[PDB]
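Be aware that the sequence shown starts at 3, since it is given in the UniProt record's numbering, and climbs by one per residue.
What follows is a single structure, written as structure tokens, with notes after it.
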Amino acid sequence: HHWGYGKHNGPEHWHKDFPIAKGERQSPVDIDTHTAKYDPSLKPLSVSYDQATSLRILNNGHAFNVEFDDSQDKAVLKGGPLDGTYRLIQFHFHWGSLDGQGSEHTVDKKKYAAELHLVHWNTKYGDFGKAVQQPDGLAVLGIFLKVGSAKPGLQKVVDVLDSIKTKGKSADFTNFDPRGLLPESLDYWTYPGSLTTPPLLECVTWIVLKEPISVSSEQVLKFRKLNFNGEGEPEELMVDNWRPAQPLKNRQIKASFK
Ligand SMILES: Cn1sc(=O)c2cc(S(N)(=O)=O)ccc21
Ligand SMILES: [Zn+2]
Numbered sequence: 003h004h005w006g007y008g009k010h011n012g013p014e015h016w017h018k019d020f021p022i023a024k025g026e027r028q029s030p031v032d033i034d035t036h037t038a039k040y041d042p043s044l045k046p047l048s049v050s051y052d053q054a055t056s057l058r059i060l061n062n063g064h065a066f067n068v069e070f071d072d073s074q075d076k077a078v079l080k081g082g083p084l085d086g087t088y089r090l091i092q093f094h095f096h097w098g099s100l101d102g103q104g105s106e107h108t109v110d111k112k113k114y115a116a117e118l119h120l121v122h123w124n125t126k127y128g129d130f131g132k133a134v135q136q137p138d139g140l141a142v143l144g145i146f147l148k149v150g151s152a153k154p155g156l157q158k159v160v161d162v163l164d165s166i167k168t169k170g171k172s173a174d175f176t177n178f179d180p181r182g183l184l185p186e187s188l189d190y191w192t193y194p195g196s197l198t199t200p201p202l203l204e205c206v207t208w209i210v211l212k213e214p215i216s217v218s219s220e221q222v223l224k225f226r227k228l229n230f231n232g233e234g235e236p237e238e239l240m241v242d243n244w245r246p247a248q249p250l251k252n253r254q255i256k257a258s259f260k
């Protein structure tokens, strides 16, 4: 049947319906800190989330997304390795079934408990659907989560999970400020990649931050209580919704720090 993270439809099977799975700029990848090149011509990142407007939280069967109003330049990302402005459309996570796995990208082979992806699309393309047809159409900001102290800004997200337990369920989620999900430092690694789930479009400039955020065990735990399945179907916990690291190939991971 269709893709998932199961034994019979997981990442190793994706290439059959989506041949781009074995492409040249596939994500995620392993970030080798010692092999990454320090680039001083990289400008700092500019995250402007002060006018961010969250509208809804949804369980799409693969993860839960928090969508934002992208009808205007409310929550934008610019600078760094980017040209022009990028609108935040939505954010989601990738987590594991154990605290030692869940992230997609790895640092020196190290996996984190989960990984946050704040998806943005280039405004010079008018809409998201047009941006996913360009090599510089998207910019995803990736943040790692490690278990430790609880992250206050994440709790509002965690409390709403009960109402979007099964595939297809959604719920109003207004007034969520994405700024409480940012680590103190904006140091990052940048490289050209792609979406990590089908259709696996190589339209992404990946911006992975060096500094991870801490989330309590109890917070990550509630993520694992979500279901892949729709209501009325056999229960399949939403765990391990992460894709293995892919071959870097003819690519270079640049760093904005040394
Ligand atoms: C189908 N859509 S819409 C969107 O914003 C998005 C993002 C990613 S990710 N895990 O590579 O960021 C994967 C798929 C996807
Ligand atoms: Zn993702």
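Beta carbons are placed, not taken as given, at the ideal position from N, Cα and C, and that holds for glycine.
When the five nearest sequence neighbours on each side are left out, the beta carbons in the same chain lying within less than 7 Å of the beta carbon of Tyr127 are those of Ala133, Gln136, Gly139, in order along the chain. Annotated three-state conformation of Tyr114 is coil, per DSSP.
Ranked by Cα distance from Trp97, the options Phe230, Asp242, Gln221 are led by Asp242.
Ligand 1 approaches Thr198 closely enough that one of its heavy atoms is under 7 Å from the residue's Cβ.
Pairing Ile91 with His122 gives a Cβ-Cβ distance under 8 Å. Between the segment 41-48 and the segment 60-77, the count of Cβ pairs shorter than 8 Å is below three; the stretches do not touch.
Between the segment 184-201 and the segment 14-34, the count of C-beta pairs closer than 8 Å reaches three or more; the two stretches touch. If you look at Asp174, you'll find it in the beta strand (DSSP E) that goes 172-174. At a threshold of 7 Å, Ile33 does not count as near ligand 1, since its beta carbon sits no closer than that to any of the ligand's heavy atoms. Between ligand 1 and the CB of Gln28, the shortest heavy atom gap is not smaller than 7 Å. With a cut-off of 7 Å, the C-beta of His119 is classified as near ligand 2, since at least one heavy atom of the ligand falls inside that distance. Under a 10 Å Cβ-count criterion, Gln28 is classified as buried, with 16 or more other Cβ atoms of the shown protein chains found around its own Cβ. Taking all protein chains in view, the Cβ of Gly102 is surrounded by fewer than 16 other Cβ atoms within 10 Å, so the residue is classified as exposed.
The beta carbon of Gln92 sits closer than 7 Å to at least one heavy atom of ligand 1. For the pair of segments examined, the segment 71-80 was found not to touch the segment 106-115: the number of CB pairs separated by less than 8 Å stays below three.
Taking C-beta atoms as the reference points, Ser216 and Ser151 count as a pair closer than 8 Å. Between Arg253 and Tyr193, the beta carbon gap of about 6 Å places them in contact (Cβ cut-off 8 Å). The C-alpha of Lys169 is placed about 5 Å away from the C-alpha of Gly63.
In terms of Cβ geometry, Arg58 and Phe146 do not form a close pair [threshold 8 Å].
DSSP places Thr125 in the helix class (H, G or I) of the three-state scheme. Apart from sequence neighbours up to five positions away, the residues of its chain that approach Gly25 with a beta-carbon distance below 8 Å are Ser196, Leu202, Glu204, ordered along the chain. Assignment of beta-bridge partners to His96 by DSSP yields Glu117.
Under the DSSP definition of a beta bridge, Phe259 lacks any partner. Put simply, of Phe225, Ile255, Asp179, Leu188 the residue whose alpha carbon is nearest the alpha carbon of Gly104 is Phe225.
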